[PDB]
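S.K.: Before I ask anything, here's the sequence and the deposited coordinates:
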Amino acid sequence: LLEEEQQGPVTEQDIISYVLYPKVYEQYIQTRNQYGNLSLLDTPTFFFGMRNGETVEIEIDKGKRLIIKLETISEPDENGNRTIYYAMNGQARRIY
Amino acid sequence: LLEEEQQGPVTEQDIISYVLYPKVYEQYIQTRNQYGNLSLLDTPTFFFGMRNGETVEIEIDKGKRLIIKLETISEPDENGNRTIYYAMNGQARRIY
Amino acid sequence: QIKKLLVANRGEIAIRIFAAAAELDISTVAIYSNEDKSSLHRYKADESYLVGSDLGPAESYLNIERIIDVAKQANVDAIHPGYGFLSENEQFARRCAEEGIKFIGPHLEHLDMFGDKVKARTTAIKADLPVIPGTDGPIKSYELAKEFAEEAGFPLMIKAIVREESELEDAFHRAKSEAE
Amino acid sequence: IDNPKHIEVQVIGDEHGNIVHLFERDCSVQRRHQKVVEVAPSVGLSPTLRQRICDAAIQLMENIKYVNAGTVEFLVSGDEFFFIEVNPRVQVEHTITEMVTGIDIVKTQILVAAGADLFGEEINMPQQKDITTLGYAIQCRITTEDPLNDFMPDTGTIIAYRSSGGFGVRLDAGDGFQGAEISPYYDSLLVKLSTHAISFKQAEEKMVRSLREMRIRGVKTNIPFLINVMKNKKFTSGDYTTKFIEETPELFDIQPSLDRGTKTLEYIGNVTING
Amino acid sequence: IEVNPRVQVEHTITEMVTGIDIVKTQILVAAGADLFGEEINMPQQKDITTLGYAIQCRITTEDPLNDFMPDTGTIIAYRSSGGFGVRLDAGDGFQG
Ligand SMILES: CC(C)(COP(=O)(O)OP(=O)(O)OC[C@H]1O[C@@H](n2cnc3c(N)ncnc32)[C@H](O)[C@@H]1OP(=O)(O)O)[C@@H](O)C(=O)NCCC(=O)NCCS
């Protein structure tokens, strides 16, 4: 069941995890799908995000420390989506 | 004298204009260096800038007409300099 | 042989080499300074490592021992030094092979033959090659200067241009002045 | 026909009766009716077949006195080749014949319309018996067609963009840059990737390296599919049929390039705006 | 004159006229490939030739009207060329 749900390999740790907390284990999988591994984020960033003008570093992989900066946030658009102006690794990224 | 403050070539129109209005002309050419051929922007843009989310076309030259969108304007930082997030002909540009 | 490759450089040649490295399926590692934290090259590679938070911008790419530090912990195989930094440093080329790190370049002696302004000239004459005639070393006598001018022929460039011989006098003294 | 090899031939005429051919290009790597990969020239073709096909093009193209750039299309089965259609214009993959023969195809069009003779000084087209191919070129069109959703064009805003280059890589710029919003009204092409080498395997290695070095977030993309098509032994063999995608299952599967750098940004954004 | 025992900044043009990958070979020499084996696969000296002419331009922030002093600051817009005949080697230039 689990191998097809993720369409990939699965450890025993996953198996007992789902057996003990099914609707919870699967909910965490959705979150690792969406945002990746959050445990690697520092606690303050994980809880409050970033403040305008804040530089922050997060190691996501071996020798892959990505340097993030939040520059400003836009007023929400017609639907309700705001624009965030980042500075990841010295190059500018925007995300809604 | 006028061939000295400028880069060289001066037209007779410049010469007669300086003698009629000394400070107005010295001020004019200074603004000429700053902002370009200011007389090419439409009156509403020349007087009011741009509202947030608005696109505006500036016929910079015959067939040369650039499509400028103002996305957002930031809070002022220390030294009181804001950042302006522009969309110019599809590409993205920041202005202090 | 080469399974992982570290570029002891920055900027265009690091990207140049990463593209070449990842064409032969060679894993690539980059180094960077605190000033190159935002550099474009340190994510053209698989991983990237600071030289050390305590080094200035030029120190970060010239510290032979900490560069060796980052490579040894990167368990890297070879090192390409690129150009313009430690590219031809025999001491770096010596330190590399000392650590089982294949230095991508010439053999140790080659760096020596071609490292100084006179040693390279000497190996060049040994292989039957034309060379710009010069004084054997530096000189501090007009007499040896006139000895070289009536043996090399004009023009002549003194440093530390002369065509007619009436200038070789007043020019050879001028350089000896400013050099002093 | 049965299990063939789609092969075009590039001819070029002037307004004075002089026509030359810059040899062929293989476009047998096709999924639906549209072509996804084209190699110039064909690896699996014999020098005898290549010549009869090229001469077949020159015969047709000179019998009707075709002028300017054009293409004659052929299907190839065994020793037998046949004719299908003609495209009297530039093709998207003219870049790879430009790369292996050296003649600027689009530029030659402009001077031909002006009236310059093919073998004049402004064009200086080589004489036909001197035209040749040096190496092997491969062209990839990087599009926003979801390789895992029937190749349906993804529409949205590119939030990050990075082109490759260096020795052996030639890019032709489309709608791909940082901040573009891909309209659903046109063919969803972002950038034309085109490599070259002295072998067709060095060009494969060069092509995947650039396909990997590519960076386009904010929209879906057919790079991982184009990557599989490259790396497959059935492709690097040099001989593949129109029945190649259909015959190869492992091409469509793609491991999703986890967008760690963006997903992190997305999370911090949510908790900053939404708490 | 002199001999530099290292690859050079102007190496790109020698790759395009002759056809051989200079930096690639450099790696496979330290990997001990035979200069005429499968890996390096070098053509014999007689069969080494050049086709055409290549030119290289290093674009720098050296102001050619100020003693070539390297200007610094923030690039606020960057567009690169391409197409038939153009080779780009990325350095320090990018949007921000
Ligand atoms: C697989 C790979 C190509 C990235 O694929 P992914 O699975 O989609 O991405 P990852 O989750 O590994 O990385 C995401 C972020 O890591 C960061 N990152 C990657 N390599 C980095 C490095 N060496 N140093 C610091 N940060 C790095 C970037 O911010 C990247 O963001 P972007 O790729 O969205 O711009 C990876 O092998 C890699 O390192 N890529 C960068 C180098 C590259 O493009 N190499 C291709 C050969 S030239």
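M.R.: It's in. Numbers count the residues shown, from 1 in each chain, chains lettered A, B, ... in the order given.
S.K.: okay, CA-based contacts and neighbour counts for the rest of this
M.R.: Will do.
S.K.: Parallel or antiparallel, which strands does the strand ranked longest in chain D pair with?
M.R.: For chain D, the strand with the greatest residue count under DSSP state E is strand D:19-30. As defined by DSSP bridges, the strand partners of strand D:19-30 come to strand D:5-13 (antiparallel), strand D:35-40 (antiparallel).
S.K.: Identify the residues contacting the first one?
M.R.: For strand D:5-13, the external contacting residues (C-alpha atoms under 8 Å, 6 or more residues apart in numbering or on different chains) are D:19-28, D:42, D:53-54, D:57-58, D:61, D:65-77, D:112, D:118, D:240-242.
S.K.: how deep is residue D:218 tucked in, by neighbour count?
M.R.: Counted with other C-alpha atoms under 10 Å in any protein chain shown, residues neighbouring residue D:218 total 23.
S.K.: Distance of it relative to chain C?
M.R.: Look at residue D:218 and chain C: by C-alpha to the nearest C-alpha, to the nearest Å, they are 19 Å apart.
S.K.: Could you list which residues are in contact with that residue?
M.R.: D:156-160.
S.K.: Get me the contact residues on the stretch 151-275 of chain D for chain A.
M.R.: Residues of the stretch 151-275 of chain D lying near chain A by C-alpha under 8 Å from any C-alpha of the partner chain: D:159-160, D:258, D:260-261, D:263-272, D:275.
S.K.: related to what we said a few turns ago, from the contacts of strand D:5-13, list just the buried residues.
M.R.: Listed as buried from the contacts of strand D:5-13 are D:19-28, D:42, D:53-54, D:57-58, D:61, D:65-76, D:112, D:118, D:240-242; burial here means 16 or more other C-alpha atoms under 10 Å in any protein chain shown.
S.K.: hmm, back to that, out of the strands paired with strand D:19-30, which comes closest to residue C:63?
M.R.: strand D:35-40 (46.9 Å; C-alpha to C-alpha).
S.K.: Give me the next element, helix or strand, following that closest one.
M.R.: Downstream of strand D:35-40, the first helix or strand assigned by DSSP states H and E is helix D:47-63.
S.K.: Go ahead and name everything in contact with that next one.
M.R.: So helix D:47-63 is in contact with D:9, D:11, D:19-21, D:23-24, D:72, D:74, D:79, D:81, going by C-alpha under 8 Å, 6+ apart.
S.K.: What count of nearby residues applies to the residue of chain A found nearest the ligand?
M.R.: Closest residue of chain A to the ligand, C-alpha to the nearest ligand atom: residue A:64 (4.0 Å). Neighbour count of residue A:64, defined by other C-alpha under 10 Å: 17.
S.K.: show me what contacts the residue nearest to it when sequence neighbours are not counted?
M.R.: The shortest distance from residue A:64 to any non-neighbouring residue, by C-alpha to C-alpha, 6 or more residues apart in numbering or on different chains, is to residue C:47 (5.4 Å). Taking C-alpha under 8 Å, 6+ apart, we find residue C:47 in contact with A:62-64, C:28-30.
S.K.: residue contacts, whichever residue of chain C sits closest to chain E?
M.R.: Using C-alpha to the nearest C-alpha, the single residue of chain C nearest to chain E is residue C:12, 4.1 Å away. Under the criterion of C-alpha under 8 Å, 6+ apart, the neighbours of residue C:12 are C:41, E:89-92.
S.K.: now swap in residue D:76 and tell me
M.R.: Per C-alpha under 8 Å, 6+ apart, neighbours of residue D:76: D:4-7, D:82.
S.K.: Would you quantify the distance from the spatially closest residue to residue D:4 that is not a sequence neighbour to residue D:57?
M.R.: Leaving out its chain neighbours, the residue that sits closest to residue D:4 by C-alpha to C-alpha, 6+ apart is residue D:77, at 4.7 Å. Applying C-alpha to C-alpha, to the nearest Å, the value for residue D:77 to residue D:57 is 17 Å.
S.K.: near chain E, which residues of the stretch 151-275 of chain D show up?
M.R.: So the stretch 151-275 of chain D meets chain E at D:165-167, D:169-173, D:197-198 (C-alpha under 8 Å from any C-alpha).
S.K.: do that again at 6 Å, thanks
M.R.: D:165-166, D:171-172 (C-alpha under 6 Å from any C-alpha of the partner chain).
S.K.: Could you single out the nearest of those residues to residue B:18?
M.R.: residue D:172 (51.5 Å).
S.K.: Contact partners for residue 60?
M.R.: All of this is about chain A. Not one residue lies near residue A:60 by C-alpha atoms under 6 Å, 6 or more residues apart in numbering or on different chains.
S.K.: Not quite, go with chain C.
M.R.: Residue C:60 neighbours (C-alpha under 6 Å, 6+ apart): C:33, C:51.
S.K.: Give the helix, strand or coil label for it.
M.R.: helix (DSSP: H, G, I helix; E, B strand; the rest coil).
S.K.: in chain C, which spans are helices?
M.R.: C:11-21, C:64-73, C:90-98, C:108-113, C:119-126, C:142-152, C:165-179 (DSSP state H).
S.K.: Reformat those helices as TSV; add distance to residue A:18.
M.R.: Below are the helices of chain C laid out as TSV (distance: least, C-alpha to C-alpha, whole Å):
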stretch	distance to residue A:18
helix C:11-21	42
helix C:64-73	37
helix C:90-98	50
helix C:108-113	59
helix C:119-126	71
helix C:142-152	89
helix C:165-179	81
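S.K.: quick one on the thing from earlier: so which of the residues of the stretch 151-275 of chain D next to chain E sit within strands?
M.R.: Reading strands off those with DSSP E, I get D:171-172.
S.K.: Can you flag the buried ones in the residues of the stretch 151-275 of chain D next to chain E?
M.R.: Buried among these (16+ other C-alpha under 10 Å): D:165-166, D:171.
S.K.: which of the residues you listed lies closest to the ligand?
M.R.: Out of these, the member with the shortest distance to the ligand (by C-alpha to the nearest ligand atom) is residue D:165, at 9.9 Å.
S.K.: How much space separates that closest one from residue B:41?
M.R.: Where residue B:41 is concerned, residue D:165 sits at a distance of 39 Å (C-alpha to C-alpha).
S.K.: which residues touch residue D:160?
M.R.: D:178, D:216-217.
S.K.: okay, now residue A:75: neighbour count?
M.R.: Neighbours around residue A:75, by other C-alpha under 10 Å: 15.
S.K.: now the strands for chain A?
M.R.: Going by DSSP E, chain A shows strands at A:55-59, A:65-73, A:84-88, A:91-95.
S.K.: Specify the beta-bridge partners of residue A:91.
M.R.: If you apply DSSP bridges, the partners that residue A:91 bridges to are residue A:88.
S.K.: Could I get the full set of helices for chain D?
M.R.: D:47-63, D:94-101, D:105-114, D:200-213, D:223-231, D:233-236, D:260-274.
S.K.: Please identify the deepest-packed of the ones you listed.
M.R.: Mean neighbour counts were compared across the helices of chain D using mean count of other C-alpha atoms under 10 Å in any protein chain shown; the top stretch is helix D:94-101, at a mean of 23.
S.K.: Can you pull the residues of chain A lying near chain B?
M.R.: Residues of chain A lying near chain B (C-alpha under 6 Å from any C-alpha): residue A:74.
S.K.: at 10 Å what do you get?
M.R.: Within reach of chain B by C-alpha under 10 Å from any C-alpha of the partner chain, chain A has these residues: A:52-53, A:71-75, A:77, A:83, A:85.
S.K.: Could you work out the most separated pair of the residues you listed?
M.R.: For these, and using C-alpha to C-alpha, no pair is farther apart than A:53 and A:77, which are 21.8 Å apart.
S.K.: For chain B, what's the nearest residue on chain C?
M.R.: residue C:38 (17.9 Å).
S.K.: Ramachandran angles for that residue?
M.R.: phi -90, psi 10 (degrees, to the nearest 10).
S.K.: How many residues are close by it?
M.R.: For residue C:38, using other C-alpha under 10 Å, the count is 20.
S.K.: shouldn't it be in contact with residue A:89?
M.R.: Yes. Using C-alpha atoms under 10 Å, residue C:38 makes contact with residue A:89 at a distance of 5.1 Å.
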